[PDB]
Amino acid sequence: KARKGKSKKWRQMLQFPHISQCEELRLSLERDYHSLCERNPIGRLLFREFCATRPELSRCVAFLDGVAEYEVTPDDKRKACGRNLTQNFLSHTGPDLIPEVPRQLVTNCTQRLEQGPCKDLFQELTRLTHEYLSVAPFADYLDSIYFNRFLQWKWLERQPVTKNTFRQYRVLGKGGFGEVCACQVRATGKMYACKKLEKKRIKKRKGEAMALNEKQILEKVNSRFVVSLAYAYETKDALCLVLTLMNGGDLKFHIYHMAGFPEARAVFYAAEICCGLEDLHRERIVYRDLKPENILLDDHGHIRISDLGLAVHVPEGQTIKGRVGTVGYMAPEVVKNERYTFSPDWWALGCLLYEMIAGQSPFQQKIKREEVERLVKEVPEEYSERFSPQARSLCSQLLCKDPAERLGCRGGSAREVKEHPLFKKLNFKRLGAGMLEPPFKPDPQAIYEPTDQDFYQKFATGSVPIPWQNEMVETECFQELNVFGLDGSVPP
């Protein structure tokens, strides 16, 4: 019933269930350490809290934190940082970090650091730590009170989502199947965007398989550089996708409201999109609609890949076929209706980097579909003195016409691209963990039927675990409601 953005009723909305009510749920869940204790953000935090009870488990976690921090530590400070780690967790007089740690392994480590503080050094130890944690600490965790607490959060996570989970605000823009508008979760105060697809227009244009595809892709992907789906639910008129709120406008807007960007800036965006594409390809997803309009900015000026309607899964070992995408941005293979896995995407990245610098698309101004397609297949892109050599270098290697020889497709994937000298200045680990400030910060822009029922049920699955659990942690609902034994403890 309606009226830091949180409802006055939030504590009730998130009131925990009884323990008994979480029993089916226990037996229903998959017994997988990696998911329960690393991926699910709340599972991770509760497992950590379990570990904090025991000194041996707690030094493992401290060590894992030690590494994660060392991995994103600037190149100049990184040797001392790793020196600190060994002195504190690998001392020949200290306690063994984990049972039966191979002691040659530790000697490799010691001396591999002494010559080269590369960010891999602690990989084997990391992997043996998780290995250890995964067995007995895990079994104990499951039989601890901390897992009861986890089941209680999981139960909340799986509760029905309806329109009454949210407040709606103003329309943000219009999309082929409905509007997109700003919304806010009542329990937590967290803002999102909400894309509506009207059941009428889906059924009329029969875009069921395609709308379902966009949703399933969005939920499987978990990337700082791709818009996340937090929730998927139905109204009486529509299917909704609640998504990361990207309020800084897209790149088409930003290139052209002057046209073009200083190198530093264009490079920063290319690096982030490159990560987004890495994250996507890791999940075996080819995006296929990379263009400036589909890259949105957030309030701090980081970007994300948006609109995944044309994306598709590429099964292991196979290729797929299909001319789809926008005319000026489609790669040679695609326009020739040849078979591909991932190459189209790296071609688009080139166009997009090109267009960011040139203030213009490399094969389109408008010119007729035919002639643009001929230029794409047969004609070299033209550079001006707006491109430093390295910019031109990367661009042409990405806008290479043969996909076999195109950067990002020669065998090393995203790392090929990342290693181009144009990015010499940027630390990808830090970029990937969101620790590098963007060059540009946008303007704070204001806010204030059996078939079909079968399809709607497959679609409207409700809360998505990782973003949902994240939402709870970010808004501090987790911290405030999770705690225990502080409230009626101070006597009368």
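Numbering starts at 1 and follows the sequence shown.
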Is there a break between residue 448 and residue 449, and how many deposited residues does it span: none, 1 to 3, 4 to 9, or 10 or more?
-> 10 or more
Counting only residues from the deposited sequence, how many are left out of the model between residue 365 and residue 366 (none, 1 to 3, 4 to 9, 10 or more)?
-> 1 to 3
Which wins on mean Cα temperature factor, 113 to 121 or 131 to 139?
-> 113 to 121
Compared with the other modelled residues in the chain, in which third is the CA B-factor of residue 467?
-> lowest
Is the Cα B-factor recorded for residue 33 in the lowest, middle or highest third of its chain?
-> middle
Among the modelled residues of its chain, does the C-alpha B-factor of residue 484 lie in the lowest, middle or highest third?
-> highest
Of the three thirds of Cα B-factor ranks in this chain, residue 50 occupies the lowest
Comparing against every modelled residue in the chain, figure out the third that the C-alpha B-factor of residue 195 lands in (lowest, middle or highest).
-> middle
